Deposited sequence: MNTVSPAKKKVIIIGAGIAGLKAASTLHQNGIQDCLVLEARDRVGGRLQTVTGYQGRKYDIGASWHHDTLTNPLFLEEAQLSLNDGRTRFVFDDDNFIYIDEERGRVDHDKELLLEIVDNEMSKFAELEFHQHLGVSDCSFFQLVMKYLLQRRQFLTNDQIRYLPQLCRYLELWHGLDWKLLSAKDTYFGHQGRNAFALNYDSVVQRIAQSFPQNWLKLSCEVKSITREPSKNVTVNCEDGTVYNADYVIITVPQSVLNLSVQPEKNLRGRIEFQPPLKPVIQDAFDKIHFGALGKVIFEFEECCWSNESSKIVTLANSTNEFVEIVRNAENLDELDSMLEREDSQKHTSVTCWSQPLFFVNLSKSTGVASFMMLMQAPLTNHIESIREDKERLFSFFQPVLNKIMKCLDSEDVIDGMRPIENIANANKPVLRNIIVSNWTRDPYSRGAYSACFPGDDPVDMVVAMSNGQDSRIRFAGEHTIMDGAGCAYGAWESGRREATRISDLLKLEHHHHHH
């Protein structure tokens, strides 16, 4: 009864998609790609909004374009047919405080310059100094302010910490939840905004047998037979027999396996259960919640100086005084004690799409915990508008325009629609991507994952590889990885 297959890939995100592609490319046949959702792409999804305007609600950029193999591959295609597949949208960041207004490229604040010294400080703190404890990013910044207070103006001590928090939108984690040791990463080049990441999903997906794809099939268990074989069960009752399986479900979904209770959407029952080195790796790596909110306006009626804008959370002169009077980090923490969440309670990152793509919309990024709350009320459009109205306005103000007008039903910006991500509530997602809490060793997971459950049960995905960890191109490389090792193995006869 259990139909035989050479390779069964679980999950049709970019990793599984690339794995299948690579398998077909190497002549392997009778493979299956089982996907729980009614679409392929996974954390890569392009949704439609006001008037057919398209937006990537998952991944948007090709990072590390100097070495990104996925990007270079896309780049080659565009060189051959002159088709626009992406756009380099890095720009000079415009920073905004609720009161103080724009604070970027400020001849007195010089925030970008001290920010640079701070990252140099962090680098010096961990590089070479083996054995140093981890601590949160926040604690790292406080330590910076303490050690360099003699060389910083009050205003710098007040705003730098708020401005350097934009790093939160890289990990999807608030600075108190983020591991300092993992905060700074080396960008290997500019970023390229994909103008349709779905084009990349479709191109790869159509590079292998259509019949290979089975959507709406939720894999519920995987068993290793003593007789060198792997059995897989979709919830629709069908059973499969395969030589090799490549599991690409998100780290957060895979985590569900190391827990009792199998009736959890997305959870896979492993038999034998996942090796201790794999189960334990979950105690040393976590999941962040980067989220998105798309603001669609009728038309652009604001300044297009830049395509990158970050709103700083509120700061206070009281904070400066505390930094000035604290004897040490201990006292500083104690002194920090002196009441509800707003759009100014954390930094927010807005992509002014008008300048980069011509679309009169804003693509905003948020982080945990704000993300979990916003996505939870993503259906209440008027409440979202109420929540994001003040920063929405402050922005228009700095961009030489007027207050936003709610038009979700002449010379002012009119909000037509609001789209929200839903990655934290989606059972086949459960967050955005792998991230580190303080004390986490992302390497434990990568190692346990790339070494597999055994010669037959493998893993791929953004959380299974070092180079490009947490990125679309990393997940892509892992797919290529696992598929190639198997291709080679299958060749031997």
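Missing from the model relative to the deposited sequence are positions 1-4, 343-348, 420-426, 511-516 (no C-alpha coordinates, numbering from 1).
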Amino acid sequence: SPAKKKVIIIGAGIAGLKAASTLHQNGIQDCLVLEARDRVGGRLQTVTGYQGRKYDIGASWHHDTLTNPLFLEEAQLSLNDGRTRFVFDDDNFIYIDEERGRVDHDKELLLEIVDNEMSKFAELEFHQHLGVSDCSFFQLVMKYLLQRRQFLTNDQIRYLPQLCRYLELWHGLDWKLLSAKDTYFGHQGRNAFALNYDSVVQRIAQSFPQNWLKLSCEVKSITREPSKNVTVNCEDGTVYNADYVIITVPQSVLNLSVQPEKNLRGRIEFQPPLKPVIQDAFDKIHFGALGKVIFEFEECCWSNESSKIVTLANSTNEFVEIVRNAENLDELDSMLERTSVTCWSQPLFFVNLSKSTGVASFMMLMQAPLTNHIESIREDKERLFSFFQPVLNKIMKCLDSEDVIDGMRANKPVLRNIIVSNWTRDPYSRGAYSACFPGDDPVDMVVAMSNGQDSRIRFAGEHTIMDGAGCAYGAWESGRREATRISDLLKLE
From here on, numbers count along this sequence of modelled residues.
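Take the two forms, find the largest set of C-alpha atoms that superpose within 1.5 Å, and that set is the rigid core.
Root mean square Cα distance to the shown form, taken over structures and residues in 8 other deposited structures of this protein after a core fit, is higher for 428-436 when 428-436 and 46-54 are compared. Fitting each structure in 8 other deposited structures of this protein onto the rigid core and averaging C-alpha distances over structures and residues, 278-286 emerges as the more displaced of 147-155 and 278-286. If you average the C-alpha B-factors over 90-98 and over 124-132, the higher value belongs to 124-132. The stretch 20-28 shows the higher mean C-alpha B-factor when 465-473 is compared against 20-28 in the entry. Take 60, 67, 429, 51 and read off each C-alpha B-factor from the entry; 51 has the highest.
Looking only at 227, 139, 162, 191, the residue with the top Cα B factor in the deposited structure is 227.
Split the chain's modelled residues into thirds by C-alpha temperature factor. Residue 282 is in the middle one. Ranked within its chain, residue 410 lands in the highest third, by CA B factor from the PDB record. Among the modelled residues of the chain, residue 307 sits in the middle third by CA temperature factor in this PDB entry. Sort the chain's modelled residues by C-alpha temperature factor and residue 337 lands in the highest third, per the entry.
Per-chain ranking of the deposited C-alpha B factor places residue 203 in the middle third.
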